[PDB]
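What follows is one structure encoded as structure tokens, with my remarks underneath.
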Amino acid sequence: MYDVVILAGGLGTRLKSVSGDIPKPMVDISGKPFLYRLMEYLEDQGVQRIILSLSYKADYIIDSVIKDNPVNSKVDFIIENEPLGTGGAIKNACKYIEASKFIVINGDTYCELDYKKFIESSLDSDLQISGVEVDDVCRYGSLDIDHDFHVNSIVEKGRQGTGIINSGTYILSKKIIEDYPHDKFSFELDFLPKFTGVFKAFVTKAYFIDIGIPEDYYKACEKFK
Ligand SMILES: Nc1nc2c(ncn2[C@@H]2O[C@H](COP(=O)(O)OP(N)(=O)O)[C@@H](O)[C@H]2O)c(=O)[nH]1
Ligand SMILES: [Mg+2]
């Protein structure tokens, strides 16, 4: 099983009328932080090394895990004094990774993915994204892929009916990004438009929630009792 980088350094929730102070991955989900439930699932999947890539309120998150760590996997921390963006965060985490490939997950997402099958599907690529097929994709960003599942573009939310959720979970070869010329950048907005290698989606019907979406918060609290 690959090393996992969890991106958890962004600000609190930002909705049209509501702004949060707590980091989104630390929202309480029926007695445990959302992040803890993600980490527990990863440990169940065989993950032995988790890197938490932090910035906003990094000391709050670390202090929480020092006191109550839900897993026995190794847990490393990397603190960004100034937010490096999602892409800069990944580039920065490459320092810690000795292997040629690793997993990136957004800390505000919880997906009951089969990571062994995801790794197998990624063997012939340097970048693979997890796409989640749902009957109603309206509240999610989605993926525009062709009939070989090559990713053509990322689509903004606001689309009724079926679609493939842009999960933000990737398997990548660190060589594609470790030496990206900028230290601060967005993975989706700066890196992906430039990347010229093979980029396909692993598409499954896995359970998916994004804790930044209010309806998914209620779904999560109900799911975990
Ligand atoms: N370490 C780090 N993480 C970040 C940064 N920006 C965002 N993140 C994290 O990366 C994930 C995705 O962030 P973002 O794409 O901005 O959020 P979204 N999917 O648009 O709501 C979140 O879990 C967030 O905490 C950053 O500058 N540094
Ligand atoms: Mg969000």
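Residues are referred to by chain and number: the chain letter is A, B, ... according to the order shown in the structure tokens, the number counts from 1 in that chain, and ligands are numbered separately from 1 in the order shown.
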**OP:** Might you pull out every residue within 9 Å of residue A:79, with only C-alpha atoms counted and same-chain residues fewer than 2 positions away left off, and present them as a PyMOL selection string?
**Re:** chain A and resi 9+52-56+58-59+77+81-82
Using only C-alpha atoms and all ligand atoms, tabulate the residues of chain A lying at most 12 Å from any atom of ligand 2, each with its closest atom pair and that distance in Å to one decimal, by chain and increasing residue number, as CSV.
```
residue,atom,partner,partner_atom_place_in_ligand_line,distance
A:8,CA,ligand 2,1 (Mg),11.7
A:10,CA,ligand 2,1 (Mg),9.8
A:11,CA,ligand 2,1 (Mg),10.1
A:12,CA,ligand 2,1 (Mg),9.5
A:13,CA,ligand 2,1 (Mg),7.2
A:14,CA,ligand 2,1 (Mg),7.7
A:15,CA,ligand 2,1 (Mg),8.8
A:16,CA,ligand 2,1 (Mg),12.0
A:19,CA,ligand 2,1 (Mg),11.9
A:20,CA,ligand 2,1 (Mg),11.9
A:23,CA,ligand 2,1 (Mg),11.5
A:24,CA,ligand 2,1 (Mg),8.7
A:25,CA,ligand 2,1 (Mg),10.8
A:106,CA,ligand 2,1 (Mg),9.7
A:107,CA,ligand 2,1 (Mg),10.3
A:108,CA,ligand 2,1 (Mg),7.3
A:109,CA,ligand 2,1 (Mg),8.9
A:139,CA,ligand 2,1 (Mg),10.2
A:140,CA,ligand 2,1 (Mg),9.0
A:141,CA,ligand 2,1 (Mg),9.5
A:156,CA,ligand 2,1 (Mg),11.8
A:157,CA,ligand 2,1 (Mg),10.8
A:166,CA,ligand 2,1 (Mg),11.3
A:167,CA,ligand 2,1 (Mg),10.7
A:168,CA,ligand 2,1 (Mg),10.5
A:209,CA,ligand 2,1 (Mg),10.6
A:210,CA,ligand 2,1 (Mg),6.9
A:211,CA,ligand 2,1 (Mg),7.4
A:212,CA,ligand 2,1 (Mg),4.6
A:213,CA,ligand 2,1 (Mg),6.6
A:214,CA,ligand 2,1 (Mg),10.0
A:216,CA,ligand 2,1 (Mg),10.9
A:217,CA,ligand 2,1 (Mg),11.8
```
Restricted to N, CA, C and O atoms, what would the selected residues look like written as a short mmCIF file (atom, residue, chain, number, x, y, z; two decimals), in the first residue's frame?
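Written file, out-v2.cif:
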```
data_model
loop_
_atom_site.label_atom_id
_atom_site.label_comp_id
_atom_site.auth_asym_id
_atom_site.auth_seq_id
_atom_site.Cartn_x
_atom_site.Cartn_y
_atom_site.Cartn_z
N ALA A 8 -4.89 19.06 4.20
CA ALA A 8 -5.83 19.56 5.20
C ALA A 8 -5.47 20.94 5.71
O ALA A 8 -5.73 21.26 6.88
N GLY A 10 -6.33 24.04 4.18
CA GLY A 10 -7.17 25.14 3.74
C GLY A 10 -7.92 25.81 4.90
O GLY A 10 -7.86 25.40 6.05
N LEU A 11 -8.64 26.86 4.55
CA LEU A 11 -9.43 27.61 5.53
C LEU A 11 -10.67 26.82 5.95
O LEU A 11 -10.97 25.74 5.43
N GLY A 12 -11.42 27.40 6.89
CA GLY A 12 -12.71 26.86 7.26
C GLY A 12 -13.71 26.98 6.12
O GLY A 12 -13.43 27.51 5.05
N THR A 13 -14.91 26.46 6.37
CA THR A 13 -15.95 26.47 5.35
C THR A 13 -16.23 27.88 4.84
O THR A 13 -16.26 28.84 5.61
N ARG A 14 -16.43 28.01 3.53
CA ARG A 14 -16.74 29.29 2.89
C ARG A 14 -17.95 29.07 2.00
O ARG A 14 -17.83 28.59 0.87
N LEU A 15 -19.13 29.41 2.52
CA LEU A 15 -20.38 29.42 1.78
C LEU A 15 -20.78 30.86 1.49
O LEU A 15 -20.13 31.81 1.93
N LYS A 16 -21.88 31.02 0.75
CA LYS A 16 -22.31 32.36 0.37
C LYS A 16 -22.56 33.23 1.59
O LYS A 16 -22.15 34.40 1.62
N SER A 19 -19.43 31.52 7.03
CA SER A 19 -18.00 31.25 7.03
C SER A 19 -17.64 30.58 8.35
O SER A 19 -18.03 31.05 9.42
N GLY A 20 -16.90 29.47 8.27
CA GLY A 20 -16.54 28.71 9.45
C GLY A 20 -15.16 29.06 9.99
O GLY A 20 -14.29 29.54 9.26
N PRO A 23 -11.31 24.26 11.09
CA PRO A 23 -10.94 23.61 9.83
C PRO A 23 -11.99 22.57 9.45
O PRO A 23 -12.46 21.80 10.30
N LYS A 24 -12.34 22.54 8.16
CA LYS A 24 -13.38 21.62 7.70
C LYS A 24 -13.11 20.17 8.08
O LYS A 24 -14.06 19.49 8.52
N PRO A 25 -11.88 19.65 7.98
CA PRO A 25 -11.65 18.25 8.37
C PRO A 25 -11.83 17.98 9.85
O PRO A 25 -11.92 16.81 10.23
N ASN A 106 -8.06 14.71 -0.47
CA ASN A 106 -8.53 15.93 0.19
C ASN A 106 -9.09 15.59 1.57
O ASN A 106 -9.98 14.73 1.70
N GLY A 107 -8.58 16.29 2.59
CA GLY A 107 -9.04 16.10 3.96
C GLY A 107 -10.51 16.40 4.19
O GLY A 107 -11.06 15.98 5.22
N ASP A 108 -11.16 17.12 3.28
CA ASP A 108 -12.58 17.35 3.49
C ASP A 108 -13.45 16.33 2.77
O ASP A 108 -14.66 16.53 2.70
N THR A 109 -12.86 15.23 2.28
CA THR A 109 -13.62 14.19 1.60
C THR A 109 -13.49 12.87 2.34
O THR A 109 -12.45 12.56 2.93
N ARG A 139 -24.61 18.82 -6.81
CA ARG A 139 -23.87 19.55 -5.79
C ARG A 139 -22.36 19.35 -5.86
O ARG A 139 -21.64 19.95 -5.06
N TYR A 140 -21.86 18.55 -6.80
CA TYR A 140 -20.44 18.21 -6.88
C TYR A 140 -19.82 18.75 -8.17
O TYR A 140 -20.48 18.80 -9.21
N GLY A 141 -18.54 19.11 -8.10
CA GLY A 141 -17.74 19.18 -9.31
C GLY A 141 -17.63 17.81 -9.94
O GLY A 141 -17.68 16.78 -9.26
N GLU A 156 -17.53 22.31 -13.45
CA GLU A 156 -18.04 22.96 -12.25
C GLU A 156 -19.39 22.37 -11.84
O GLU A 156 -20.12 21.80 -12.66
N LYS A 157 -19.71 22.52 -10.56
CA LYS A 157 -20.97 21.99 -10.05
C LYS A 157 -22.15 22.74 -10.67
O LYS A 157 -22.00 23.79 -11.30
N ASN A 166 -15.73 14.67 -9.25
CA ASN A 166 -14.32 15.01 -9.09
C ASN A 166 -13.98 14.89 -7.60
O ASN A 166 -14.21 15.82 -6.82
N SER A 167 -13.44 13.73 -7.21
CA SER A 167 -13.20 13.45 -5.79
C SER A 167 -12.01 14.21 -5.22
O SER A 167 -11.93 14.39 -4.00
N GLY A 168 -11.07 14.65 -6.06
CA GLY A 168 -9.81 15.20 -5.56
C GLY A 168 -8.81 14.19 -5.04
O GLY A 168 -7.76 14.59 -4.51
N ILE A 209 -18.68 11.55 0.52
CA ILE A 209 -19.17 12.79 1.09
C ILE A 209 -18.07 13.85 1.07
O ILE A 209 -16.88 13.55 1.22
N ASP A 210 -18.49 15.09 0.90
CA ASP A 210 -17.63 16.26 0.97
C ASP A 210 -18.17 17.11 2.11
O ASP A 210 -19.27 17.67 1.99
N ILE A 211 -17.42 17.20 3.21
CA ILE A 211 -17.92 17.84 4.43
C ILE A 211 -18.11 19.34 4.28
O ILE A 211 -18.74 19.98 5.13
N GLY A 212 -17.62 19.94 3.19
CA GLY A 212 -17.92 21.33 2.93
C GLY A 212 -19.34 21.56 2.44
O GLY A 212 -19.82 22.70 2.50
N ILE A 213 -20.00 20.52 1.95
CA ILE A 213 -21.38 20.63 1.46
C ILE A 213 -22.32 20.41 2.65
O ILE A 213 -22.24 19.34 3.28
N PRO A 214 -23.21 21.35 2.96
CA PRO A 214 -24.08 21.18 4.14
C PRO A 214 -24.87 19.87 4.17
O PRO A 214 -24.90 19.19 5.20
N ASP A 216 -24.10 17.08 2.90
CA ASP A 216 -23.22 15.94 3.18
C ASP A 216 -22.83 15.87 4.65
O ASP A 216 -22.58 14.78 5.17
N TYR A 217 -22.78 17.02 5.34
CA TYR A 217 -22.60 17.02 6.78
C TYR A 217 -23.71 16.25 7.48
O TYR A 217 -23.45 15.41 8.34
#
```
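Each of A:203, A:66, A:119, A:71 was compared to residue A:133 using only C-alpha atoms, and A:203 turns out to be the nearest.
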Original post:
Between A:158, A:131, A:163, A:88, which has the minimum distance to residue A:204 (counting only C-alpha atoms)?
Top reply: A:131
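Distance-wise, atom CA of residue A:186 and atom CA of residue A:85 end up 5.1 Å apart.
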**OP:** Can you pull out every residue within 8 Å of stretch 176-178 of chain A, counting only C-alpha atoms, but drop anything in the same chain fewer than 3 positions away, and send it as a list in words?
**Re:** residues 90, 91, 92, 94, 95, 126, 172 and 173 of chain A
Original post:
Which residues come within 9 Å of residue A:161, counting only C-alpha atoms, excluding same-chain residues fewer than 3 positions away, as a list in words?
Top reply: residues 134, 135, 136, 137 and 138 of chain A
Given the selection you just returned, output its residues as a file containing N, CA, C and O atoms, formatted as a JSON list (two decimals), in the first residue's frame.
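Output below, filename result_14.json:
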```
[["chain", "number", "residue", "atom", "x", "y", "z"],
["A", 134, "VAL", "N", -22.42, 8.88, -9.52],
["A", 134, "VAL", "CA", -23.61, 9.10, -8.70],
["A", 134, "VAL", "C", -24.79, 9.45, -9.59],
["A", 134, "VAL", "O", -24.65, 9.93, -10.71],
["A", 135, "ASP", "N", -25.99, 9.19, -9.05],
["A", 135, "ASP", "CA", -27.22, 9.48, -9.78],
["A", 135, "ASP", "C", -27.52, 10.97, -9.83],
["A", 135, "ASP", "O", -28.12, 11.44, -10.81],
["A", 136, "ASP", "N", -27.14, 11.73, -8.80],
["A", 136, "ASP", "CA", -27.31, 13.18, -8.78],
["A", 136, "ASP", "C", -25.96, 13.82, -8.50],
["A", 136, "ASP", "O", -25.47, 13.77, -7.36],
["A", 137, "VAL", "N", -25.36, 14.44, -9.52],
["A", 137, "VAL", "CA", -24.05, 15.06, -9.40],
["A", 137, "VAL", "C", -24.14, 16.56, -9.16],
["A", 137, "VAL", "O", -23.10, 17.22, -9.06],
["A", 138, "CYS", "N", -25.35, 17.10, -8.98],
["A", 138, "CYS", "CA", -25.56, 18.55, -9.04],
["A", 138, "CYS", "C", -24.69, 19.30, -8.05],
["A", 138, "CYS", "O", -24.07, 20.31, -8.40]]
```
**OP:** Pick out each residue of stretch 17-199 of chain A that DSSP on the backbone tags as strand (DSSP E); I need them as number ranges by chain.
**Re:** A: 19-23, 28-29, 32-33, 49-54, 74-79, 101-106, 109-111, 127-134, 142-145, 151-155, 163-173, 199
Original post:
Using only C-alpha atoms, which residues sit within 10 Å of residue A:97 once same-chain residues fewer than 4 positions away are excluded, as a ChimeraX atom specification?
Top reply: /A:2-5,51,92-93,101-102,174
Residues just named, written with N, CA, C and O atoms as a compact mmCIF listing (two decimals), in the first residue's frame:
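Just written: part16.txt:
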```txt
# COMPACT_ATOMS: atom_id res chain seq x y z
N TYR A 2 0.47 2.25 -0.79
CA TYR A 2 1.25 3.47 -0.95
C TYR A 2 1.13 4.38 0.28
O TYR A 2 0.16 4.31 1.03
N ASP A 3 2.12 5.26 0.43
CA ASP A 3 2.02 6.40 1.33
C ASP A 3 0.82 7.26 0.93
O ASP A 3 0.52 7.40 -0.26
N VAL A 4 0.14 7.85 1.92
CA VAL A 4 -1.01 8.73 1.68
C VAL A 4 -0.70 10.13 2.21
O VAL A 4 -0.35 10.29 3.38
N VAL A 5 -0.84 11.13 1.34
CA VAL A 5 -0.81 12.53 1.74
C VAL A 5 -2.24 13.03 1.85
O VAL A 5 -3.02 12.92 0.90
N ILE A 51 0.73 11.19 5.80
CA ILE A 51 1.33 12.51 5.90
C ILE A 51 0.20 13.52 5.90
O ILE A 51 -0.56 13.59 4.93
N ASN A 92 5.40 20.02 -2.07
CA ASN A 92 6.09 20.07 -0.79
C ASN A 92 6.14 18.71 -0.11
O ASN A 92 7.16 18.33 0.48
N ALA A 93 5.03 17.97 -0.14
CA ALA A 93 4.99 16.66 0.49
C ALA A 93 5.91 15.66 -0.20
O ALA A 93 6.34 14.69 0.44
N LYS A 101 5.67 6.56 -6.30
CA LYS A 101 4.27 6.94 -6.42
C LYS A 101 3.64 7.03 -5.04
O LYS A 101 4.11 6.41 -4.09
N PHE A 102 2.56 7.82 -4.93
CA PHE A 102 1.82 7.94 -3.68
C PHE A 102 0.40 8.40 -3.95
O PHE A 102 0.04 8.73 -5.08
N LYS A 174 5.63 10.85 -8.25
CA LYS A 174 6.14 12.10 -7.72
C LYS A 174 6.98 12.87 -8.74
O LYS A 174 7.03 14.10 -8.66
```
**OP:** Please identify which residues in stretch 2-225 of chain A DSSP calls alpha helix (DSSP H) from the backbone, and express them as an NGL selection string.
**Re:** :A and (34-44 or 58-67 or 85-93 or 115-121 or 214-223)
Original post:
Between A:115, A:208, A:202, A:187, which is the closest to ligand 1 once you count only C-alpha atoms and all ligand atoms?
Top reply: A:187
